[PDB]
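Below, each chain spelled out in residue letters.
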Amino acid sequence: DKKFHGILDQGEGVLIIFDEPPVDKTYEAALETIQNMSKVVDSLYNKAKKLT
Amino acid sequence: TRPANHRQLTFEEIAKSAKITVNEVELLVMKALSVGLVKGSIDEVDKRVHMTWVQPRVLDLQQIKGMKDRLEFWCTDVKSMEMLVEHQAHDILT
Amino acid sequence: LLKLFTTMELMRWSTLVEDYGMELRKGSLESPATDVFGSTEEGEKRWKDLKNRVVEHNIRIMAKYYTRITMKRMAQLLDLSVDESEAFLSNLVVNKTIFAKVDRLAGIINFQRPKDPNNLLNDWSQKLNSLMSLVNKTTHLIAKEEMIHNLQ
Amino acid sequence: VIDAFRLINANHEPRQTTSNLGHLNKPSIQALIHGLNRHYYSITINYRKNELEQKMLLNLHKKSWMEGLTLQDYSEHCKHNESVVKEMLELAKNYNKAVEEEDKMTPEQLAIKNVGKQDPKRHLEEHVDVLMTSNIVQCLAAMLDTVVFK
Amino acid sequence: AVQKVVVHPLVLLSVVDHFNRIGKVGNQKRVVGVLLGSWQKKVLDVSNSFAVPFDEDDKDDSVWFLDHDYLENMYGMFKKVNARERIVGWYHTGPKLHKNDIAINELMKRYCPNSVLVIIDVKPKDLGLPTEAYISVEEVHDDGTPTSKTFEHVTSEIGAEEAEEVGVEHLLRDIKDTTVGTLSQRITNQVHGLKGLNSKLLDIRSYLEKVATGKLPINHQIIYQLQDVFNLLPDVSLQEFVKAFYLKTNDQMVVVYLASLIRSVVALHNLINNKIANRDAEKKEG
């Protein structure tokens, strides 16, 4: 349930602790923008027909 | 004396060049840092020590030449890469 | 006592008790004692308190330098067996006093915070900027010396 | 806005002509209304400058040399980049929502489509130029330093 | 201590006019005057200047005249014209620091104890600011023993009010290239900064040559400073540093890549619109 940060080690009876930034919030924005302009290119194609 | 790149001593070398047992070396460097002679840290785990800087010390007329030669190398590098930038960037900035 | 508590260097409880032990707790006829460390129960409590403060100052002083220090060596230098020194460090960290990670599995006490690449490059930048300013200052002193010695 | 004058007497033409140097300025309506070329006449103004004046006027806007090779607080760099990209996300959504139009819109109606309403295309152009210039400059400075100082 | 000193374009141009007028008068190699201004809590503000007759003996640096009576009269008249401005320091147009400077400053120090000296070169053979500011302070040595007065450099810059900005921008119609985009941030720097660094390093090297060849004596504070300088220089072969540099370069690249994608899509859209417009114009024309 993500109460704290780390993971066990069975057999050895250890408990590691660390600190992780699971996300960066500057690649997610880029991926969403790539998707949005994929939709825009689809729109241009749908508007490329009139040229034919 | 140790070159700038390495400058990472070992306890055993302290003990052999200061005539002290390894156990009591740590207090020596601890104190040296405390007074203000050298900045750095200690690695008790690995029995090493990093000296990021040593108090300035007067130099004779030989080390002066070494420092001048290092400055020549620096100036040559700087000019080389100023030229690289200007040439590769000529068309835009005429 | 004041200087010892302001100088930055490890101090041994043994030395403090041997020298000032009598001048503080049992008092002096020439120099009157104070109720600070008398025989009352509060006297024992404040004596424990002074022990605690010497230990915590020792911990902090090795916590400025000493990136890494084996648990055994810290405990030996602090004059405690392994367990009590470990408990003291754990309490100190939990209280936010000092920062350090006990690697109980390898017996190492790391005093170094994480180095995110952002901070690493920022330190590099600060170093370059200081280099630049020192170049400028050395040139000013050179101009001054040349002015003072060259017109002649 | 500046001009040099002199007084016409009560006498004809106030001055004689031997070039086009007088007639190049098209005097303004307000100056005429208030008496130009009737009681006073203008004179051409020249801002001629010597060599040292030229050399210092060019030397005002010049920053120190250190400023040229200073990076930015990298954390501020990343924050600025992520902020602009998080803006480009919504600008791209609006660009999609706006390109679908421009076919179902009268040739005149478009000239008013953009009054009081954000336009995605121009803002995207501006942000792209900003991002790309800033990042190129920071990268080049980082590499140039990486070489120069040892 | 002064954290910063801001001069105004009018002062620079007035000093240049002064030097031109005297040189036209001739038989001089430096000019001296005053500087008027106010304070803004350690952020000085120089705003105006006037002349002060002065003459010197080039051969021996112990003979000089400076009509301080002229200074007092002009301060009276200027203070009559503009009250908000009071004497701030003094300026001179010699290339680099002279020996009399401490003498004059101690003379000037009566009118303003916190007097800052501003040198305005009028013939810049370099790529850098045209002014240098200096403040006189007592220097106590660990071995240099006698306590003299030496100039400590203080940060200086150029600043202008809206009227001055308008006028200068008007006169600057002799050359102009704004291109605030990448062109400026790559001509104003990178090249400029490297050129300046090279010139400074070359001055340090000339002095080092002179000391080593015996033409001068040895100065120990300089040697300690240079040792600190060489100790600051970073090392670029540490895996940690390489890792960090690559990480950051990669992030910068992803952003530029997104930017270029955006731009390509927009340009293609523009081509399509132009093509459609041409086709429609032809069909209507046919």
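Residues numbered from 1 in each chain as written, not as in the entry; some residues may be left out. Chains lettered and ligands numbered in written order. Part of a larger assembly, values for the part shown. Heavy atoms only, no water.

## Overview of the overall build of chain E
Within chain E, the regular secondary structure consists of 7 helices and 10 strands. Its C-alpha atoms give chain E a radius of gyration of 27 Å, clearly above 19 Å, the size a compact globule of 286 residues would have. Judged by the C-alpha coordinates and their principal axes, chain E covers about 90 × 55 × 40 Å. Every one of the 286 residues in chain E was classed for burial, and the buried ones make up 41%. Entry remark: accessible area of chain E is about 15600 Å², with carbon and sulfur atoms responsible for 55%. Taking the average place of the 34 positive charges on the side chains of chain E and the average place of its 39 negative ones, the gap between the two points comes to 6 Å. (Helix = DSSP H or I, 4+ residues; strand = E, 2+ residues; numbered from the N terminus. Rg over C-alpha atoms; globule rule 2.2 N^0.38 Å. Buried < 20%, exposed > 50% of the residue type's maximum accessible area, 1.4 Å probe, protein only. Areas by Shrake-Rupley, 256 points an atom, 1.4 Å probe, with all protein chains shown as cover. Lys, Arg positive; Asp, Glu negative; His and termini not counted. Charge placed at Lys NZ, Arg CZ, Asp CG, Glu CD.)

## Considerations on the interface of chain E and chain D
Taken residue by residue, the interface counts 50 residues in chain E and 48 residues in chain D. Of the roughly 4800 Å² buried at the junction of chain E and chain D (both faces included), carbon and sulfur atoms supply 75%. Our enumeration of links across chain E and chain D arrives at 0 salt bridges. Viewed at the interface, chain D and chain E are joined by 6 residue pairs in polar contact. Counting only elements with at least two residues in the side of chain E that touches chain D, the list comes to α1 (9-25), α4 (162-171), α5 (184-212) and α7 (239-285) of chain E. Per-element tally for the side of chain E that touches chain D: the top contributor is α7 of chain E, with 14 residues. For the side of chain E that touches chain D, the per-class residue count stands at 28 nonpolar, 14 polar and 8 charged. (Contact = heavy atoms within 4.5 Å. Buried area = accessible area lost by both parts, 1.4 Å probe. Salt bridge = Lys/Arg side-chain N within 4 Å of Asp/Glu carboxyl O. Polar contact = N/O pair within 3.5 Å; in protein donor to acceptor, adjacent residues only side chain to side chain. Nonpolar A, V, L, I, M, F, W, Y, C, P; charged D, E, K, R; others polar.)

## What to know about the UniProt feature "domain: MPN" in chain E
Look at the UniProt record and you will see "domain: MPN" annotated at residues 5-140 of chain E. With 29% helix and 30% strand, the stretch residues 5-140 of chain E has end C-alpha atoms that lie 25 Å from each other. (UniProt positions renumbered as here; feature names shortened; annotations may be inferred.)

## Details of the arrangement of the chains
Ranking the 9 pairs of chains in contact by contact count places chains D and E at the top. As for chain B relative to chain A, no contact occurs, and the smallest C-alpha gap between them is 20 Å.

## Considering the interface of chain D and chain B
Across the contact, 5 residues belong to chain D and 5 residues belong to chain B. Together, the buried faces of chain D and chain B total about 540 Å²; carbon and sulfur atoms form 74% of this surface. Taken together, the connections running from chain D to chain B amount to 0 salt bridges. Here chain D and chain B share 1 residue pair in polar contact between them. Tallied by class, residues from the side of chain D that touches chain B come to 4 nonpolar, no polar and 1 charged.

## Considering the pairing of strand β7 (residues 116-120) of chain E
All names here are of chain E. Here β7 lies mainly inside the structure; 5 of its 5 residues are buried. Of the two faces of β7, the one carrying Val116, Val118 and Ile120 and the one carrying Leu117 and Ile119 are both buried. As defined by bridge partners, strand β6 (residues 86-92) adjoins β7 across 4 bridges and the pair is classed as parallel. Of the residues in β7, the one forming a bridge with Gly89 is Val116. (Pairing = 2+ DSSP bridges.)

## Quick notes on the domain arrangement of chain E
Looking at the assigned domains, one finds that chain E contains domain 1 (2-182) and domain 2 (223-282). Once you take the C-alpha centre of each, domain 1 of chain E and domain 2 of chain E turn out to be 43 Å apart. (Domains from an automatic or database assignment.)

## Details of the sheet that holds strand β2 (residues 38-40) of chain B
All names here are of chain B. If you walk across this open sheet you meet the 3 strands as β1-β3-β2, and the pairing is antiparallel. Both outer strands of the open sheet, β1 (8-10) and β2, are each paired with one neighbouring strand and no more. With direction set aside, neighbouring strand axes in the sheet form an average angle of 45°. Pairing geometry for β1 and strand β3 (residues 48-54), over 3 bridges, is antiparallel. If you follow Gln8 over to β3, its bridge partner there is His50. Packing of helix α2 (residues 22-35) onto the sheet brings it into contact with β2 and β3, and relative to β2 it is tilted by some 110°. (Axes fitted to C-alpha atoms, helices over the stretch in contact; angles between N-to-C directions.)

## A few points about the environment of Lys113 of chain D
Residue and element names in this part refer to chain D. Positionally, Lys113 belongs in helix α4 (residues 109-113). The spatial distance from the C-alpha of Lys113 to the C-alpha of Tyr40 is 51 Å, given a sequence separation of 73 residues. For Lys113, the contacting residues outside a window of four places in its chain are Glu102 and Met105.

## Concerning the pattern of salt bridges
On inspection of all chains with the given rule, the structure shows 19 salt bridges over all chains. As a salt-bridge pair, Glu26 of chain B and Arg73 of chain C come within 2.2 Å of each other at their nearest N and O atoms. Note that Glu26 of chain B is positioned in helix α2 and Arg73 of chain C in helix α4 (residues 71-78), a pairing that runs across two chains. The residues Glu26 of chain B and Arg73 of chain C share a single accessibility class, namely buried. Three or more residues are tied together by salt bridges with common partners; here these are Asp119, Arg122 and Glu126 of chain D.

## Thoughts on the side chain of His92 of chain E
Along the chain, the position of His92 of chain E falls in strand β6. If we ignore the near neighbours within four places in the chain, the residues touching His92 of chain E are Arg30, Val31, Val32, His98, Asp101, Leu117, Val118, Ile119 and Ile120 of chain E.

## Thoughts on the packing of aromatic side chains
This structure, assessed with the given rule, holds 10 aromatic pairs over all chains. Consider the rings of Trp74 of chain B and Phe149 of chain D, whose centres lie 5.9 Å apart with planes at 90°: the pair is edge-to-face. Taken as a pair, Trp74 of chain B in helix α3 (residues 63-88) and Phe149 of chain D in the segment after α5 (120-148) lie in two separate chains rather than in one. Owing to a relative accessible area of 2%, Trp74 of chain B belongs among the buried residues under this scheme. Connected via pairs of aromatic rings, a cluster forms that spans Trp74 of chain B, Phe149 of chain D together with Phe230 of chain E. (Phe/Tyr/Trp six-rings, centres within 6.5 Å; stacked < 30°, edge-to-face > 60°.)

## Examining the nonpolar core
Where a protein is soluble and globular, its nonpolar side chains tend to be buried together. Judged by nonpolar contacts, the single largest core of 42 residues is most densely connected at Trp74 of chain B, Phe149 of chain D together with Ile204 of chain E. Where this core is concerned, the elements lending two or more residues are α3 of chain B, α6 (117-150) of chain C, α5 of chain D together with α5, α6 (220-232) and α7 of chain E. Beyond its immediate chain neighbours, meaning those up to four positions away, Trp74 of chain B contacts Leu131 of chain C, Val148 and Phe149 of chain D together with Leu201, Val229 and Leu233 of chain E. If you look at the next biggest cluster of nonpolar residues, it comprises 29 residues, including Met30 of chain B together with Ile61, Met62 and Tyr65 of chain C. (Core = buried A, V, L, I, M, F, W, Y, C linked by side-chain atoms within 4.5 Å.)

## Section: helix α3 (residues 41-64) of chain C
In an α-helix, one full turn covers 3.6 residues, which means residues spaced three or four apart are oriented alike. The first and last C-alpha atoms of α3 of chain C sit 35 Å apart over 24 residues, in line with the 34 Å expected at 1.5 Å per residue. Buried residues of α3 of chain C: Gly43, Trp47, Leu50, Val54, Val55, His57, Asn58, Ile59, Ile61 and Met62 of chain C, and no others. The elements touched by buried residues of α3 of chain C are α2 of chain B together with α1 (2-6), α2 (13-26), β1 (68-70), α4 and α5 (82-94) of chain C. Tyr66 of chain C sits one or two positions beyond α3 of chain C and adopts a positive phi of about 60°. (Expected span 1.5 Å × (residues − 1).)

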